[PDB]
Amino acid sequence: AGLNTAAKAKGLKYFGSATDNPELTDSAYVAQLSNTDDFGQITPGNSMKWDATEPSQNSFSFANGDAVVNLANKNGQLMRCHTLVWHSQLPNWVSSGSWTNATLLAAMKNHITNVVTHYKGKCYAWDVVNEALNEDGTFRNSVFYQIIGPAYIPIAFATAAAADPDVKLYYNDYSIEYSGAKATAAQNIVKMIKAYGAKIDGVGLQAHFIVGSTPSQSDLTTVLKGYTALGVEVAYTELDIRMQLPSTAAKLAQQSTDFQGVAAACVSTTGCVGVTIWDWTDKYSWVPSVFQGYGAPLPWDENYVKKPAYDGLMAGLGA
C-alpha cells in the first residue's frame, strides 16, 4: 500500500522521512508525513541538534524536538534522533570557547547526558557522532578532535549508552556508501569504539547521492554487507538524489533507477533495518540552497505530486 508497508513486507523495520518544525504548520504536508503506508519513521532535521537543544551552556531547550516526537507518537511512527556530537550547527559558546581537554569533555558529556536522558525511551536510534571523517578517511579537525583527540568518539558513545542503554547507537556519515578511503575509515570507527569497550550498534549511511552518479546496486550492497559483517546494523539515513537542473523526463527516469538501486541494496542486506529520505517533497529539500544548480532530489515534487522515483522506490522494495 506504500513505501513503509512495502519495506516491512521485506523485513525492514521502516521506510521513513526527515521533517522540520516550520513545515508542521503546512496541513497537506503533515497529512502525507502522517501517512503510515509511506512513512513508519521520522527524523527531526534540525530540532535535536546541539544549537537547538543547548543554545547556552547548561540551558536546555526541548520544545521543538518534543513536537516532532509527539507527532511520531500520535501517528505510530518510530523516531531516529539526530544528532549529539557534530562540528556543524554548534552554538557560539562551543565554537568560541577557550577550552582544555577537561572542560570541553565535561561540556560534551553534559550535553549528551542531558539530551539522551530527556529522550530516553523515545528514540529507536541516536546519531551519536556525525561526520567525524575527512573525505580521505582521516579524522575531521573539529573542535572536539583538536582538543580531546580520537577518544571523543568512543567517550561520546559510552556517555550515550550510560544515559539510555536501550536505544541503538549509530555513527552517521556521508560518502561511506561506496568503497573508498572514507568507507574504510568508517569501518575502522566501528572497530575503534569496540576496542575502547564502548557500544556501537549501527552505521548510518547518509546517501546524499547525485542523479547519474549514484553507486550501483551491487557496489551499495557490497558496502552494506562490509558493515553488517562487523556485527552492526545499517540504515540509509538521509537519502536524496540531487539532479543537475533543469529537470527533464530523462533525468527523472535516471533518478527513479538510482533510487530503485538504493532500496534494493537495503532489501538484499540482512541487517539493513530501513531507509529514511531527507524530507519527501522537493518543496522543502535542503539541496537547492547548498548545491549550486542542483535540485529536485526527492520522490514527490514541490506540489506534493509523486515523481517517477516513487515508483522506482516501490520497485526496489519489491512491491
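We number the residues from 1 along the sequence you see.
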- Task: Pick between 77-85 and 215-223: the one whose mean CA B-factor in the entry is higher.
- Result: 215-223
- Query: Between 108-116 and 243-251, which has the larger average Cα B-factor in the PDB entry?
  - Reply: 243-251
- Query: Which of these, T276, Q292, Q57, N46, has its C-alpha atom at the highest B-factor, as the entry lists it?
  - Reply: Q292
- The residue of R140, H208, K122, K194 with the maximal C-alpha B-factor according to the PDB record is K122
- Query: Taking the entry's C-alpha B-factors for this chain, is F259 in the lowest, middle or highest third?
  - Reply: middle
- Task: Ordered by C-alpha B-factor within the chain, which third holds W286? Give me lowest, middle or highest, please.
- Result: highest
- Task: Sorting the chain's modelled residues by C-alpha B-factor, tell me whether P165 ends up in the lowest, middle or highest third.
- Result: highest
- Looking at the entry's B-factor column for C-alpha atoms only, identify whether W50 ranks in the lowest, middle or highest third of its chain. lowest
- The third of the chain into which the C-alpha temperature factor of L71 falls is the highest
